[PDB]
Amino acid sequence: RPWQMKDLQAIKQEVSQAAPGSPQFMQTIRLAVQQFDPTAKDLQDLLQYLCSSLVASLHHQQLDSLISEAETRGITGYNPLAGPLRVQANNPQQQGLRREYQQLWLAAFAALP
């Protein structure tokens with residue numbers, strides 16, 4: 001049950017005025033992420049739709065650092081012999097990795113301003 005075009009259009013329109021990482025944007029994006037239960041691929045699509053290449057790159061770097069610390073510590077469900085967290089989160093049998101990816105994503109995007 002992935003999102004459709006209308007959901008993305010509403011998500012972008014409702015937060016057109018606000019700035020990335022504002023409390024309003026964080027509310028709406030967090031609700032979307034917690035409601036649709038998407039993988040990393042869909043999150044990348046959503047970010048490309050919402051913010052430009054500059055904000056995309058900044059979030060990419062911040063999320064790289066956050067994932068770096070998180071999975072360098074060692075995580076309950078992460079096994080580094082199978083692939084990067086971006087790929088484990090895309091397997092529907094690793095929901096723990098998917099939820100960790102979602103939370104790192106939202107925190108990284110919130111850490112912009």
# chains A, B, ... in the order shown; residues from 1 in each chain; ligands from 1
$ residues_around --residues "residue 83 of chain A" --least-positions-apart "6" --cutoff "12 Å" --atoms "only C-alpha atoms" --output "JSON, numbers by chain"
{"A": [71, 89, 90, 91, 97]}
$ write_last_selection --atoms "N, CA, C and O atoms" --output "tab-separated table (two decimals), in the first residue's frame"
chain	number	residue	atom	x	y	z
A	71	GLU	N	25.05	2.53	12.87
A	71	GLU	CA	25.41	1.15	12.56
A	71	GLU	C	26.89	0.86	12.82
A	71	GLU	O	27.29	-0.30	12.75
A	89	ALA	N	17.14	-2.05	4.40
A	89	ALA	CA	15.87	-1.38	4.60
A	89	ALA	C	14.92	-1.59	3.43
A	89	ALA	O	13.71	-1.37	3.59
A	90	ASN	N	15.42	-2.01	2.27
A	90	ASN	CA	14.58	-2.26	1.11
A	90	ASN	C	14.08	-3.70	1.03
A	90	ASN	O	13.36	-4.04	0.09
A	91	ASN	N	14.46	-4.55	1.99
A	91	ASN	CA	13.93	-5.91	2.05
A	91	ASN	C	12.76	-5.95	3.02
A	91	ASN	O	12.95	-5.64	4.21
A	97	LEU	N	15.26	-2.59	10.50
A	97	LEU	CA	16.12	-1.72	9.71
A	97	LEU	C	15.30	-0.62	9.04
A	97	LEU	O	15.76	0.52	8.93
$ closest_residue --among "A:73, A:101, A:111, A:30" --to "residue 44 of chain A" --atoms "only C-alpha atoms"
A:101
$ residues_around --residues "residue 12 of chain A" --least-positions-apart "4" --cutoff "10 Å" --atoms "only C-alpha atoms" --output "list in words"
residues 6, 7, 8, 16, 17, 25, 28, 29, 46, 49, 50 and 51 of chain A
$ write_last_selection --atoms "N, CA and C atoms" --output "compact mmCIF listing (two decimals), in the first residue's frame"
# COMPACT_ATOMS: atom_id res chain seq x y z
N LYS A 6 -1.70 11.50 -5.45
CA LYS A 6 -2.48 12.47 -4.69
C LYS A 6 -1.89 12.70 -3.30
N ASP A 7 -1.44 11.64 -2.64
CA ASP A 7 -0.85 11.79 -1.31
C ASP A 7 0.38 12.68 -1.37
N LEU A 8 1.26 12.44 -2.35
CA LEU A 8 2.46 13.25 -2.48
C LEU A 8 2.11 14.70 -2.80
N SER A 16 4.08 23.90 1.41
CA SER A 16 4.80 24.69 0.42
C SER A 16 5.46 25.91 1.05
N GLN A 17 4.73 26.61 1.92
CA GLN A 17 5.23 27.87 2.47
C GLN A 17 6.34 27.62 3.48
N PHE A 25 6.64 21.35 8.85
CA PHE A 25 7.16 20.36 7.92
C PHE A 25 7.50 19.08 8.65
N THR A 28 4.26 17.10 9.39
CA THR A 28 3.63 16.44 8.24
C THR A 28 4.50 15.30 7.71
N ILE A 29 5.81 15.52 7.58
CA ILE A 29 6.68 14.48 7.05
C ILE A 29 6.75 13.29 8.01
N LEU A 46 10.48 10.72 -2.36
CA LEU A 46 9.79 11.81 -1.68
C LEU A 46 10.70 13.02 -1.52
N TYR A 49 11.14 14.84 -4.76
CA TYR A 49 9.96 15.64 -5.06
C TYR A 49 9.94 16.92 -4.24
N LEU A 50 10.28 16.84 -2.95
CA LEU A 50 10.00 17.96 -2.05
C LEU A 50 11.04 19.07 -2.19
N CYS A 51 12.30 18.78 -1.92
CA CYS A 51 13.34 19.79 -1.87
C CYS A 51 14.32 19.63 -3.03
$ closest_residue --among "A:57, A:93, A:27, A:62" --to "residue 105 of chain A" --atoms "only C-alpha atoms"
A:62
$ select_by_dssp --residues "chain A" --states "alpha helix (DSSP H)" --output "MDAnalysis selection string"
chainID A and resid 5:14 23:36 40:50 53:73 85:88 95:110
$ atom_distance --atom1 "atom CA of residue 69 of chain A" --atom2 "atom CA of residue 108 of chain A"
12.4 Å
$ closest_residue --among "A:84, A:20, A:38, A:96" --to "residue 64 of chain A" --atoms "only C-alpha atoms"
A:84
$ closest_residue --among "A:9, A:35, A:65, A:41" --to "residue 88 of chain A" --atoms "only C-alpha atoms"
A:41
$ closest_residue --among "A:11, A:61, A:77, A:72" --to "residue 33 of chain A" --atoms "only C-alpha atoms"
A:11
